[PDB]
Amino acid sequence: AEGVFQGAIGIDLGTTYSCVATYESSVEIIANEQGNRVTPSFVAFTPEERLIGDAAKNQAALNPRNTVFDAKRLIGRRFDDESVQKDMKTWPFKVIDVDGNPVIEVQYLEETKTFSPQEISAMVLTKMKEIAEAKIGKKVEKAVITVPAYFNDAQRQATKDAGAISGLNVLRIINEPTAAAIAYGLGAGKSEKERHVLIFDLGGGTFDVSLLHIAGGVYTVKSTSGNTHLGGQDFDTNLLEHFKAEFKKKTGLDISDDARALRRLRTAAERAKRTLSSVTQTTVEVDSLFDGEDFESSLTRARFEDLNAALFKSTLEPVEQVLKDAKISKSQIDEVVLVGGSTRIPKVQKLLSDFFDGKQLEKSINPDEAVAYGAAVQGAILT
């Protein structure tokens, strides 16, 4: 027990970003060595070393064949699965078929090596463990890891297996939406007074809606829906195209083939989106965007909303589906919990609060951190 943490860390092993939390005297989300409270679920292999997290994502463009990401899209799946065959056409790294399983093949230290999805995820989980250890000052042996509610038994086992590989005793695999509810203490009393709770989780690349029944300490997923491939980055993309159009119109320049110019302009758009969650108008500037020309525009909240009209509206569909499927009316819903950074967008909150006739949404916990937070809460209950 000497020099070992007696608790269990909570890990949100996300598709694109991961987050780790612990609950000593209170629940804390842990920052990594670059001071970030989420860490890219990225592993890069180079002629000299392996990078995990921020450094891996930051060199992805320079090292695309050997920078691995989206392993959560493979884990516990089969090579000839339909999502897989499809996902593979979109990745710059090689995925091969070994005994019918997907396996990632890369160059590492000037040799060809292959990794299962569980092995890649284990490397991310090891990174999360190490991040937690650095802040705790102790070794971590126990964890609670979260997975999407639609994960099947193979996907769940493969995720536990990843944990084992990373030197963690995985006490429980819990559902992402359930973690978020636990974060808000919903059902914490373990009282027999029941609740129905809708989790609205709009991630950067994922949109998941889940209906929970909670009573007596038992969290039951009644129904689940979403858009796997719609997310916050899609809002950025619409603003990016709007800005590209403006720039080309004023200057005659097309930045489509300049990766750096595209990157800087998407950064401007991401920043502009965030500003517009707090205020209603902003300038948008990029100095010397292309061929000597400065980019300057402005954007109102109203215009931002119009540019994403259809997308925003589409977010109510899965809320309706989940109720329809569970045979539960919107009036029976006790809490609506917001997860994912994109839920900070005022319009998204408004469409949702209006659908529930002015109901206030649970949002006091950072939406990017809520899943990890509840995983940490569950970890403390188990230890």
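In case it trips you up, residue 1 is the first one in the sequence shown, and so on.
*Asks:* Which is higher on mean Cα B factor in this entry, 184 to 192 or 107 to 115?
*Replies:* The deposited B-factors put 184 to 192 ahead on the C-alpha mean.
*Asks:* Could you check the entry and say whether 271 to 279 or 294 to 302 has the higher mean CA B-factor?
*Replies:* Mean B over CA atoms: larger for 294 to 302.
*Asks:* Among 315, 39, 67, 343, where is the Cα B factor highest in this entry?
*Replies:* Highest C-alpha B-factor among the listed residues goes to 315.
*Asks:* Please say which third, lowest, middle or highest, residue 18 falls into when its CA temperature factor is compared across its chain.
*Replies:* Ranked within chain, residue 18 CA B lands in the lowest tercile.
*Asks:* Where does residue 135 sit by CA temperature factor within its chain: lowest, middle or highest third?
*Replies:* Lowest third of the chain for residue 135's C-alpha B-factor.
*Asks:* Quick check for you: using the entry's CA B-factors within this chain, is residue 1 in the lowest, middle or highest third?
*Replies:* Top third by C-alpha B-factor.
*Asks:* By the record's CA B-factor, is residue 264 among the lowest, middle or highest third of residues in the chain?
*Replies:* Residue 264: CA B-factor falls in the lowest third of its chain.
*Asks:* Name the third of the chain's ranked CA B-factors that contains residue 32, choosing lowest, middle or highest.
*Replies:* Its C-alpha B-factor, which the entry lists for residue 32, ranks in the lowest third among residues of this chain.
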